[PDB]
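Written out below as structure tokens is the structure these notes cover.
Protein chains: 2
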Amino acid sequence: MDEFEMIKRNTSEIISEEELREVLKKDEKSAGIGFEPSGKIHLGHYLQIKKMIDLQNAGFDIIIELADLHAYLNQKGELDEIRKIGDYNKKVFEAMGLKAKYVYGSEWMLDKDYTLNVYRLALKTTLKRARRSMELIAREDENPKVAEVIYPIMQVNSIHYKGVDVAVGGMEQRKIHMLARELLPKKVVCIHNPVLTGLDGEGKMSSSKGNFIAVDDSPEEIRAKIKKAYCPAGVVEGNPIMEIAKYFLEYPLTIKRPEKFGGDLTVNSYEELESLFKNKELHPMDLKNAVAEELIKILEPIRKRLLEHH
Amino acid sequence: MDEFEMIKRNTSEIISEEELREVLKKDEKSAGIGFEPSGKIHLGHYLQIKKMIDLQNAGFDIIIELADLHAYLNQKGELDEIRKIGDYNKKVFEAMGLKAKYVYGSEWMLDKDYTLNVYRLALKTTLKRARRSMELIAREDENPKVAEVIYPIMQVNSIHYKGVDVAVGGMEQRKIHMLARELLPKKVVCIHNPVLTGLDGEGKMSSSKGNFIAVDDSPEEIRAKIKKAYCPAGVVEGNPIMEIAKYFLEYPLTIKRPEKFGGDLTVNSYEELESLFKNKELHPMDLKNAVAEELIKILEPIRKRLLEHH
Ligand SMILES: CC(C)(Br)C(=O)Nc1ccc(C[C@H](N)C(=O)O)cc1
Ligand SMILES: CC(C)(Br)C(=O)Nc1ccc(C[C@H](N)C(=O)O)cc1
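Chains as they are written, first to last, in the authors' numbering: chain A, 1 to 310; chain A', 1 to 310. A prime marks a further copy of an entry chain.
See the structure below:
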């Protein structure tokens, strides 16, 4: 692959491709993503950090916002506690191999100039639009707070303030990103990563829904989680195990199985793996076993770096 | 009257009376109101400044917020223009005889501490509540902006930040004030003045509805405005002319009229005036003539101070 196709790989959408082409030519180009600090860092975070790495390899300076005020506004607790978890997440992202500028949003979100532009943007952001942009982000609340509609403006403002050429996020960030593209003088290139399905297939992988594999889960726990995971034979869509094979595993992939079940199977691409699964040539139990053992090897250096701290 | 009854006079409500009693005892007590800067200063503004004067006479230090960022958030234009009109309004309020601390909201509304508490309060203010509190304040907008729900939080925050014991406003400010009483550690005493009816009786006196008498209107213009004004015989409620007699005129009041219409009439109180009007003992034309001529004499020193600037 070339640089553009390496950035595009395993993304849901790039907004837009020609604009990304314009960016790649620059000697200096920056790319940002922000994370509300999370008690566990899971495969959904890893997918996005993997993509920030792809950009760093393509010559981007990477900015990681530890979004403490966003988490505060989205009801994750008190600021000092959120910042502690932010610092923990930083260590995890470094353990994943991302050397970047890790910044707390509150480092600039209280500047007078920034705050004035929050108010400028509030004047151009309709309440309906702001709520639409938060539908997949806002913490469930039967009595939604004003903080919910401040949140999207502040993300747009930070895209403006930190001056990134590229914003990266999960597909759930797309409407906030389409606000930023509409409201800001410089249109940011937006790279949207897929939203992983949760292990039970009930919804999306979520830190608060307990349907995730954490990057520092133990081998036994990964095996237990994958064993129980939704994985209907032949079904690829909404299949979290097929998702993990697509987004995290390396190919060629040797799938070990007994000779009585057709013997070990070497598949050279996820597309062949999908073909072998769509028609029950590969059983869920054998897919799960290989997905488990290979995911373990992938996360091992991460877990190990984190374990060494003890 | 004593101090409490002088403050209460011609108010719609005091929240609450016992709390105001506690305040009056203090050697130092402050009272605030804020005005979005307005191209014309009208009898509605004067009624509130008259009440700030009542408080100043009762030993309050008065704070007048020229609410430039509020007007900005409520779509009155650009900040520099709004501030010009703010400075004009200050001159008008001084011409009314109020010597006070006149402060632009933007002087403190961009402080880091203030802005952080905006976000704290956004977490405790529901979007429904915030919109309810703005129903009589927000500029008409088919596509309401996020600025609309930031506005009420910022007013509450300023009540907190500027530390007033008493907040004064028209009845349309009551729901914002009931937020401040619920959210802030120190419960502010709220003094609500009536909302004057517009001259056509169609609604409330408004700077943007052209149904007002401005304090610097010329005598001929006051007469023309009062002549055309809604004033049905016997009807006192919603009658702007009866309102002006109640809130602005001094009693005893001599009402001049021809001998053929019963001759000049001296009424010692608005209550007697209301009695003489409820049963058509006093005609609208005669009420209007006296209300016009006496309102002119009341506003004359104000108009004159303002004219001297030319
Ligand atoms: C400033 C830059 C460009 Br790094 C940026 O994109 N900031 C940002 C991004 C995402 C989030 C949280 C996010 N909405 C979520 O749901 O987790 C917060 C802040
Ligand atoms: C800070 C203090 C205590 Br002086 C205060 O009350 N500020 C305040 C009051 C009213 C308004 C505007 C008002 N909502 C309107 O509709 O005109 C803006 C700011």
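The beta carbon of each residue, even a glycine, is placed where N, CA and C say it ideally should be.
For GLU94/A', there is no enclosing beta strand (DSSP E); the residue is found in the alpha helix (DSSP H) stretching over 79-95. Between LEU199/A' and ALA229/A', the C-beta gap is smaller than 8 Å, which places the two residues in contact. The beta carbon of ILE296/A' is closer than 6 Å to those of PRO219 and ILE222 in its chain, skipping five residues each way along the sequence. In this structure, the CA atom of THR266/A' is about 6 Å from the CA atom of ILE255/A'.
Annotation for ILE176/A: the continuous alpha helix (DSSP H) segment containing it runs 174-183.
Going by beta carbons, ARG174/A' and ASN74/A' fall outside the 8 Å limit.
Within the segment 61-91 of chain A, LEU69, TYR72, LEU73 and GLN75 place their CB atoms closer than 8 Å to a CB of chain A', listed in sequence order.
At a C-beta separation below 9 Å, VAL149/A has these neighbours in chain A': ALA122, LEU127, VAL146, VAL149 and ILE150.
Per the CB criterion, closer than 7 Å to any heavy atom of ligand 1, the qualifying residues run in chain order as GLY32/A, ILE33/A, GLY34/A, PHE35/A, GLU36/A, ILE63/A, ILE64/A, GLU65/A, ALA67/A, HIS70/A, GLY105/A, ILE137/A, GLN155/A, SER158/A, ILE159/A, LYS162/A, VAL164/A, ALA167/A, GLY169/A, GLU172/A, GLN173/A and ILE176/A. Here the alpha carbons of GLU243/A' and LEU69/A stand approximately 49 Å from one another. Ranked by how close their Cα comes to the Cα of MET109/A', the residues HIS310/A', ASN157/A' and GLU294/A' have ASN157/A' in first place. The criterion of a C-beta distance shorter than 8 Å is satisfied by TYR161/A and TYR114/A. Look at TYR119/A: its C-beta is under 8 Å from a C-beta on chain A'.
Between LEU123/A' and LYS145/A, the beta carbon gap of about 6 Å places them in contact (Cβ cut-off 8 Å). Beta bridge pairing from DSSP links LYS101/A' with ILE63/A'. Where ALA122/A is concerned, the enclosing alpha helix (DSSP H) starts and stops at 112-124. Taking the C-beta atoms as reference points, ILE64/A' is found nearer than 8 Å to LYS101/A'. For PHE35/A', the enclosing beta strand (DSSP E) stretches over residues 30-35.
The beta carbon of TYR104/A sits closer than 7 Å to those of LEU66, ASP68, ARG83 and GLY86, all from its chain and outside the five residues before and after it, given in chain order. Only residues of its own chain outside the window of five on either side were considered, and among them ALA233 and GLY234 have a CB closer than 7 Å to the CB of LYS280/A, listed in chain order.
Neighbours of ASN143/A in chain A', taken as residues whose beta carbon is under 7 Å from its own, are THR126 in chain order. At least 8 Å separates the beta-carbon of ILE191/A' from that of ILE53/A'. Among the bridge pairs identified by DSSP, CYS190/A is matched with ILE15/A and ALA167/A. For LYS204/A, the three-state secondary structure derived from DSSP is strand. Legend: CB atoms of the segment 199-220 of chain A lying less than 9 Å from CB atoms of chain A' are not found in any residue.
Per DSSP, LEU265/A' lies in no alpha helix (DSSP H) segment; the continuous beta strand (DSSP E) that holds it begins and ends at 265-267. Taking the beta carbon of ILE153/A' as reference, the chain A residues within 8 Å of it are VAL146, listed in sequence order. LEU199/A: not part of any beta strand (DSSP E); DSSP gives it neither H nor E. In the DSSP assignment, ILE153/A' falls within the alpha helix (DSSP H) that extends over 147-162. Contact residues of the segment 174-202 of chain A toward chain A' are absent (C-beta to C-beta distance below 8 Å).
Put simply, the backbone Cα of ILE15/A is about 9 Å away from that of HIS177/A. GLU3/A' and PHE60/A' have their alpha carbons spaced roughly 11 Å apart. The contact set of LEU282/A on chain A', defined by CB atoms closer than 8 Å, is empty, because the minimum CB distance reaches about 49 Å. At a beta-carbon threshold of 8 Å, the residues of chain A' lying near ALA130/A are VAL146, ordered along the chain. Residue pairing from DSSP places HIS42/A' in a beta bridge opposite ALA214/A'.
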